[PDB]
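K.L.:
experimental coordinates follow, after the sequence.
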2 protein chains.
Amino acid sequence: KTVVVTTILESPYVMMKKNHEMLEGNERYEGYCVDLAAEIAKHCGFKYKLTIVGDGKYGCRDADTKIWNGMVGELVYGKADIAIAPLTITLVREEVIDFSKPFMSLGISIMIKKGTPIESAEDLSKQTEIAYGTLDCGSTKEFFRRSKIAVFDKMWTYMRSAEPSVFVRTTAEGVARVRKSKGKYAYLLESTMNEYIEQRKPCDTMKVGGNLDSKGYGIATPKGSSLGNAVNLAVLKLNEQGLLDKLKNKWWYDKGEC
Amino acid sequence: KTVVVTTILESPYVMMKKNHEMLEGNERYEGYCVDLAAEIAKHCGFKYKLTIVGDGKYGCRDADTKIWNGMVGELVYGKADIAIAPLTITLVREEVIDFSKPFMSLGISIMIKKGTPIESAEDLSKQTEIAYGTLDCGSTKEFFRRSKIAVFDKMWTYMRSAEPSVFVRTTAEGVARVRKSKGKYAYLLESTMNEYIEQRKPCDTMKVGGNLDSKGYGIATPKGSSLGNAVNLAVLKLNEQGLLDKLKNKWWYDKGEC
Ligand SMILES: C=C(C)[C@H]1CN[C@H](C(=O)O)[C@H]1CC(=O)O
Ligand SMILES: C=C(C)[C@H]1CN[C@H](C(=O)O)[C@H]1CC(=O)O
Ligand SMILES: [Zn+2]
Ligand SMILES: [Zn+2]
Ligand SMILES: [Zn+2]
Ligand SMILES: [Zn+2]
């Protein structure tokens, strides 16, 4: 049985190869998660097909219908066998899908245009001149909506009611708004993407302050799927043999532009 | 049924309170893991007894008999229900017991006596006037034995053969040895422990370099135990509410002596 893998286009995790239109199947793609997928499959002994998630989303649960969208949904509704992506391990997801132990550590972080007078979340919350927001339908937004810590709740209260919207649809959309906003927009996003963008031309953004929380990405499978045990052991083996650090270097730093 | 918890005396995870001899049961102890346990029991709704592991070990498998010792053994052989301790999630353990998602991140790091001329593992591996070692029967020693990375493999050869032994039975033993070696012993240990000790009188040690690897501590239960699911969901909730972060501030930095 060819394992159906859901994933999403997000640099440097999964990206289209330059000559993708001349290539077929799995060969169309490259990146951290493409390399990780090849290694998981070889170590667990399965054949697989990478498929980009149809709605371009990670997965949130619609309040009204309570239907799950994105990669989480593809797993919940039986459309995919496994998701290999920068999918954040969270409580509400773990209630509907299974995760491996994390293959990468991260935290929510602040991205500014260089020179923006902000050094922390506390700084953002006590001022109004510089706008700030997060991605829609992700763990970052849910972290702010749920948090009971004063600084973060105060930030949430601001963001939910800010007009125009401070929320963006895609990482690229948030980074353009930082760049294009002359220092008047700050972007809350995971440290891993922040670090990657900081190493890319035009070299005008930077991560400031410490991370706001601490969590991980995991490989997800449908609840009670039998693939989960093998996949979990593989991730731990690969971490032990240093493959995950090798890959992070390859995709983030070995070719940093800054 | 009262849940039996195996743990181990290791600062600042589990320590006897100054007035323990006046106190009874779970009240004799305090620390990060003591607070963590009360939180897990509360959210999973259970009553528990904290018991210090008889042999004072975390857990490794005897090569001849294949028998597991320490906290891992207590779980495997049916003597405890759960382990709450700085127990490293590793491949070999995950084969015989279950772990929650990590409640704390860490890496292998180098502890030196302030002033020692060492900046990295490379630096250790390329000289021999400074001795260095690790704890017996833990995940750090196994890391160096199993490591196919040139530098880490190189150190392993030196360490296994060295005489006298560069290995230690306890964290305290390693730390003392550093402190009295007048700079000619460096100790390889987990970053969490390193950081804690750095903030304690007589403030003569420091962590140097970045971490050699990235891993996590997890709460362990016997394979296929029912407690596993709730405990896991409980670790994610606590992390999400910032409690794990509050606890680490409480126990590492809030009362630092340096
Ligand atoms: C890039 C997308 C929106 C994903 C990536 N990890 C989080 C997800 O697993 O929800 C999202 C990041 C964001 O929430 O800051
Ligand atoms: C302090 C003890 C021996 C433990 C704690 N974590 C690892 C354990 O879970 O194996 C060990 C540290 C390391 O081996 O340096
Ligand atoms: Zn294209
Ligand atoms: Zn391999
Ligand atoms: Zn006593
Ligand atoms: Zn609580």
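P.N.:
That came through fine. Numbering: from 1, shown residues only, chains lettered A, B, ... in the order given. Ligands and ions are numbered 1, 2, ... in the order given.
K.L.:
quick check, the residue in chain A closest to ligand 2?
P.N.:
residue A:240 (13.0 Å; Cβ to the nearest ligand atom). Every C-beta, even on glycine, is put in place using the N, C-alpha and C of the backbone.
K.L.:
which residue, neighbours along the chain excluded, lies closest to that residue?
P.N.:
Of all residues beyond its chain neighbours, the one nearest residue A:240 is residue B:91 (5.7 Å), with distances taken as Cβ to Cβ, 6 or more residues apart in numbering or on different chains.
K.L.:
do residue A:56 as well
P.N.:
Nearest to residue A:56 is residue A:8, by Cβ to Cβ, 6+ apart, at 6.7 Å.
K.L.:
what are the boundaries of the strands in the stretch 51-200 of chain A?
P.N.:
Listed in chain order, the strands of the stretch 51-200 of chain A (DSSP state E, counting those that start in this stretch) span residues A:82-83, A:97-99, A:104-106, A:108-113, A:131-133, A:185-190.
K.L.:
tell me the most buried of the ones you listed?
P.N.:
strand A:82-83 (a mean of 27; mean count of other Cβ atoms under 10 Å in any protein chain shown).
K.L.:
tell me what it is packed against?
P.N.:
strand A:3-7, helix A:70-76, strand A:220-222 (3 or more Cβ pairs under 8 Å, 6 or more residues apart in numbering or on different chains; DSSP states H and E).
K.L.:
for residue A:106, find the nearest of these.
P.N.:
strand A:220-222 (15.8 Å; Cβ to Cβ).
K.L.:
please enumerate residues in contact with that closest one?
P.N.:
A:71-72, A:75-76, A:78, A:81-83, A:87, A:93, A:97-100, A:227-228, A:231 (Cβ atoms under 8 Å, 6 or more residues apart in numbering or on different chains).
K.L.:
wait, doesn't residue A:89 sit right on residue A:215?
P.N.:
Yes. At 6.3 Å, residue A:89 and residue A:215 qualify as touching, with contact defined as Cβ atoms under 8 Å.
K.L.:
any common contacting residues for the two?
P.N.:
Common neighbours of residue A:89 and residue A:215, counting by Cβ under 8 Å, 6+ apart, are residue A:102.
K.L.:
residue nearest the centroid of chain A?
P.N.:
Centroid-nearest residue in chain A: residue A:86, 4.0 Å away (criterion: Cα atoms, centre = their mean).
K.L.:
could you measure that residue against ligand 1, distance?
P.N.:
Separation of residue A:86 from ligand 1 (Cβ to the nearest ligand atom, to the nearest Å): 5 Å.
K.L.:
mind checking which of the contacts of strand A:220-222 are buried?
P.N.:
A:71-72, A:75-76, A:81-83, A:87, A:93, A:97-100, A:227-228, A:231 (16 or more other Cβ atoms under 10 Å in any protein chain shown).
K.L.:
circling back: check contacts around the residue nearest to residue A:56.
P.N.:
A:14, A:52, A:53, A:56, A:57, A:58, A:70, A:71, A:85.
K.L.:
make a ChimeraX selection of the buried ones in the residues you listed.
P.N.:
A single ChimeraX command is used to select the members of these judged buried by 16+ other Cβ under 10 Å:
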select /A:14,52,53,57,58,70,71,85
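K.L.:
within range of chain B, give me the residues from the stretch 101-250 of chain A.
P.N.:
A:101-102, A:105, A:143, A:146-149, A:213-216, A:218, A:232-233, A:236-237, A:239-242, A:244-245 (Cβ under 8 Å from any Cβ of the partner chain).
K.L.:
ChimeraX command to pick out the buried ones of those?
P.N.:
Burial among those is assessed by 16+ other Cβ under 10 Å; the matching ChimeraX selection reads:
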select /A:101,102,105,143,147,149,213,214,215,216,218,232,233,236,239,240,241,244,245
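K.L.:
among the residues of the stretch 101-250 of chain A next to chain B, which are located in helices?
P.N.:
Those of those mapping onto helices are A:143, A:146, A:232, A:233, A:236, A:237, A:239, A:240, A:244, A:245, per DSSP state H.
K.L.:
any idea which of those is closest to chain B?
P.N.:
residue A:236 (4.3 Å; Cβ to the nearest Cβ).
K.L.:
quick one: that closest one from residue B:237, how far?
P.N.:
Computed as Cβ to Cβ, to the nearest Å, the residue A:236 to residue B:237 distance reads 24 Å.
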